[PDB]
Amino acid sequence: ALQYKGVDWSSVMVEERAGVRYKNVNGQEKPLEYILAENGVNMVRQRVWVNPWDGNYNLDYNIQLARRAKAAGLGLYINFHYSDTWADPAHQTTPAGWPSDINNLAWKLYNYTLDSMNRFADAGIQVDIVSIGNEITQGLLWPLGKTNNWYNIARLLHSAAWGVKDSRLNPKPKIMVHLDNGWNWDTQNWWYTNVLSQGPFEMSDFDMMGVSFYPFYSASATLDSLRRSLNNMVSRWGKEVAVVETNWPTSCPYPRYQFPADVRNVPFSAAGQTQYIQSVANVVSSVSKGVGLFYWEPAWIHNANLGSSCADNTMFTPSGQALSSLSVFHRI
């Protein structure tokens, strides 16, 4: 069974401010962190943005969350986007103001990460996992860290990894590199190979390799491919692995892509979510060093589709009541 099993609950306060109230399956209202712990979750993933336009997901914002997550006995997984806004394969926007030369940008990434981690340390919050970037498959901090700029990338990650290493955090969190399409091994292989062959980013600079695994972005995302990809990654670089992002809809009237053949039998419902989340967990667990699974934004009711072509990927009622499927975190 999985060592790390949780959800990314970053939107929680934005939702509370919007008037949302959460309840477990029985209708008992309480702060989300407790409904989560109640269902077997043992860790929350939180996204961190540099200078968000409205302050959400910034350091202060994430510290209030962490403190809360800790009170409910949940572990912490800090997810740096190293951007003012959403960072993903098609968007890695360097924070306005940051440097334009690799040495200074890297230095900045270091000071930023360093100070940020020390922010939790000084606050008495323990960070368990830290991803230096978010789905950085096409690199990060563009233009400099854009893919094929392999040198700059390994250069940037090394600095970021050390911002963590040199912080007051103790124990130090596992450093993770997060790429999307974990089912695509050629991508996982191409990326790490090119980054690790540069020299600046060393094997001892990171501990985990996290991957996003979704069913609605390509019929190619088969459980088998993820299974194979993870095994290939582990056997090749010996790092702990984990699915840091995944969803399953309870409603998907207009999918943009055909779902993988292995899950076309799984229903869009609370039952189907359980089935899917459990299958994905089995894949990760089957892999030696397969250590974690995180469902992305299960409680963002005011954004149900969660940026996908599916209508609802939440594990909550439109009114905020936890669905039965949320307790799948006990079984994994």
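Residue numbers here begin at 1 and follow the sequence given.
Novice: Looking at the deposited entry, does 212-220 or 254-262 carry the larger mean Cα B-factor?
Specialist: Looking at the recorded C-alpha B-factors, 254-262 comes out higher on average.
Novice: Using the B-factors recorded in the PDB entry, average over the C-alpha atoms of 33-41 and of 274-282, then report which stretch comes out higher.
Specialist: Mean CA B-factor is higher for 274-282.
Novice: So if I compare the CA B-factors in the entry for 77, 86, 248, 107, which one is the largest?
Specialist: Highest C-alpha B-factor among the listed options: 107.
Novice: Using only the C-alpha B-factors in the record, can you name which of 65, 293, 48, 299 has the highest?
Specialist: Across 65, 293, 48, 299, the entry lists the biggest C-alpha B-factor for 65.
Novice: Compare the C-alpha B factor of residue 52 with those of the other modelled residues in its chain, then answer lowest, middle or highest third.
Specialist: Its C-alpha B-factor belongs to the middle third of this chain's values.
Novice: Thinking about Cα B factors across the chain, which third does residue 115 belong to?
Specialist: Its C-alpha B-factor belongs to the middle third of this chain's values.
Novice: Among the modelled residues of its chain, does the C-alpha B-factor of residue 135 lie in the lowest, middle or highest third?
Specialist: Bottom third by C-alpha B-factor.
Novice: In terms of the chain's CA B-factor thirds, is residue 58 lowest, middle or highest?
Specialist: It belongs to the lowest third of the chain when residues are ordered by C-alpha B-factor.
Novice: Sorting the chain's modelled residues by C-alpha B-factor, tell me whether residue 319 ends up in the lowest, middle or highest third.
Specialist: Residue 319: CA B-factor falls in the highest third of its chain.
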